[PDB]
Amino acid sequence: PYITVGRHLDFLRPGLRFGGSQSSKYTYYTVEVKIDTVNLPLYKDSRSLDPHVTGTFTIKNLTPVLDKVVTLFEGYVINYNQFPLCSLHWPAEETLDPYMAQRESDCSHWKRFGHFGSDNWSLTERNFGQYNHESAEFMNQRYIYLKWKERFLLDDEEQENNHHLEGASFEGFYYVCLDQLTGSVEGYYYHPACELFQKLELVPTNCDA
C-alpha cells in the first residue's frame, strides 16, 4: 500500500471540508472549503517547490443573482526554513509570484493573528525574529501558517484569472492561520489595491470521517 505517514495533518488532509464565513464591512457571507491535496514541505526538494495545498473555495449568496462563486486554489505552508514568514526570502521562482507582498504587509498580517510573542520583532529578518531553532518544528507547532491563491474560476469550464465579477474580484491572496488543537482557521484577504484586512473564519465540518 501507499504510505501516507507524514504527508498530512489532522486538520489538513484530503477530503476535509471547512465551513464558515467571510466578513467584509459588517456583512458575513457563507464560505465552504474542500481540501483536495496536501503535500507538506518536510524537506527542500523538487516537490517542495510545487504547491503544498490544493483545494476548492466557495462563496454563497454574494448577490441576489450570483448565489455561488467557486474557485480552485493553491497554497503554500510556512515552514520557517525554506518558506519563511517574509515572502522576500522565498525561493526565487516565477511560480511564487502570486504569493509576494512587501515585508511590512507580511509582518503586520502574520502579527495580527496574535499567536506570536510581543518581543523580538525585527522587520528585516526573514522570519521577523519569531523563529529560533530551539523552538519546535513547524509541523509540531500549534499554529500553522499558509498562503492561499485562487488560480482558476469555473462554471462548467476552467478559466484563468484581469478578470471581473459583480461584487467579487480575484486579484489578491489569503493569509491563513490554522489552529491544530481546535481545527479553526482564520484568514485575511490582501491586495494593495483593495481595502485591507477582510476577515475569514472557518471550522471543520466533516471531521467525523
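Relevant structure appears above.
Residues numbered from 1 in each chain as written, not as in the entry; some residues may be left out. Heavy atoms only, no water.

Secondary structure assignment for the protein yields one helix and nine strands. Each helix and strand of the protein, placed in order from N terminus to C terminus, yields the pattern β-β-β-β-α-β-β-β-β-β. Here the protein has a C-alpha radius of gyration of 17 Å; the compact-globule value for 209 residues is 17 Å, and the two agree. Scored against the burial criterion, the 209 residues of the protein give a buried share of 44%. Looking at the protein as shown, the accessible area adds up to about 11,600 Å², and 49% of this sits on carbon and sulfur atoms. The protein carries 18 positive and 29 negative side-chain charges, and their two centres are separated by 4 Å. (Helix = DSSP H or I, 4+ residues; strand = E, 2+ residues; numbered from the N terminus. Rg over C-alpha atoms; globule rule 2.2 N^0.38 Å. Buried < 20%, exposed > 50% of the residue type's maximum accessible area, 1.4 Å probe, protein only. Areas by Shrake-Rupley, 256 points an atom, 1.4 Å probe, with all protein chains shown as cover. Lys, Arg positive; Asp, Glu negative; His and termini not counted. Charge placed at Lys NZ, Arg CZ, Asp CG, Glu CD.)

One finds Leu-12, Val-33, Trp-110, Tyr-145, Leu-146 and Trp-148 to be the most contacted residues of the largest nonpolar core, which totals 54 residues. Those elements giving two or more residues to this core turn out to be β2 (28-38), β3 (53-60), β4 (68-77), α1 (103-112), β5 (143-154), β7 (173-179), β8 (185-190) and β9 (198-204). The residues contacting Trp-110, other than those within four sequence positions of it, are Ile-78, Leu-85, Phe-116, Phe-128, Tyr-145, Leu-146, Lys-147, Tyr-175 and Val-176. (Core = buried A, V, L, I, M, F, W, Y, C linked by side-chain atoms within 4.5 Å. Contact = heavy atoms within 4.5 Å.)

Turning our attention to α1. By the burial criterion, the buried members of α1 are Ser-105, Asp-106, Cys-107, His-109 and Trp-110. On its buried face, α1 is in contact with β5, β7 and β8. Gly-114 sits one or two residues past α1 and shows a positive phi near 80°.

Here we take up the pattern of salt bridges. Using the criterion set out here, one finds nine salt bridges in the structure. In this structure, the salt-bridge partner of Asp-106 is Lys-147, at a minimum N-O distance of 3.0 Å. Taken as a pair, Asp-106 in helix α1 and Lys-147 in strand β5 lie far apart in primary sequence, 41 residues in all. There is no split in this pair, since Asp-106 and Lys-147 are both buried. (Salt bridge = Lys/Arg side-chain N within 4 Å of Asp/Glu carboxyl O.)

This brings us to the pairing of β8. With respect to burial, β8 is a largely interior element, five of its six residues being buried. Where β7 meets β8, six bridges bridge the pair, whose relative direction is antiparallel. Bridge pairing links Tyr-174 to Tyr-189 in β8. In this structure, the hairpin formed by β7 and β8 is closed by a connection of five residues, where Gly-183 is found at a positive phi of approximately 85°. (Pairing = 2+ DSSP bridges.)

The next point concerns the layout of surface pockets. Here the largest pocket defines a volume of roughly 440 Å³. Around the largest pocket, the lining is made up of 18 residues, and of these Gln-22, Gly-167, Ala-168, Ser-169 and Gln-198 lie nearest the centre. Listing elements by their share of the lining of the largest pocket, those giving two or more residues are β3 and β4. Residues of the lining of the largest pocket, tallied by class, amount to 10 nonpolar, six polar and two charged. (1 Å grid on protein atoms, 1.4 Å probe; cavity = no way out; pocket = protein on both sides within 12 Å on 5 of 7 lines; lining within 4 Å. Points joined across faces, edges and corners; volume = space filled by probe spheres on them. Nonpolar A, V, L, I, M, F, W, Y, C, P; charged D, E, K, R; others polar.)

Within a regular strand, the side chains alternate between the two sheet faces. Within β7, seven of the seven residues are buried, which leaves it mostly tucked inside the rest of the structure. Burial of the side chains of β7 extends over both faces: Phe-173, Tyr-175, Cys-177 and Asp-179 are buried on one face and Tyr-174, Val-176 and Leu-178 on the other. Bridge analysis of β5 against β7 gives six bridges, and the strand direction is antiparallel. From the neighbouring strand, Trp-148 faces β7, where its bridge partner is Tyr-174.

So, about unusual backbone geometry. Despite not being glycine, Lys-25 has its phi angle at roughly 60°, a positive value. Checked against the element boundaries, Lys-25 lands in the loop between β1 (17-23) and β2. For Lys-25, a relative accessible area of 62% corresponds to the exposed category.

Turning our attention to the side chain of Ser-48. You can see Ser-48 is positioned in the loop between β2 and β3. In this structure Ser-48 comes out as buried when scored by relative accessible area, which is 2%. Looking at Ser-48, its side chain comes within polar contact range of the side chain of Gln-82, at 2.5 Å. (Polar contact = N/O pair within 3.5 Å; in protein donor to acceptor, adjacent residues only side chain to side chain.)

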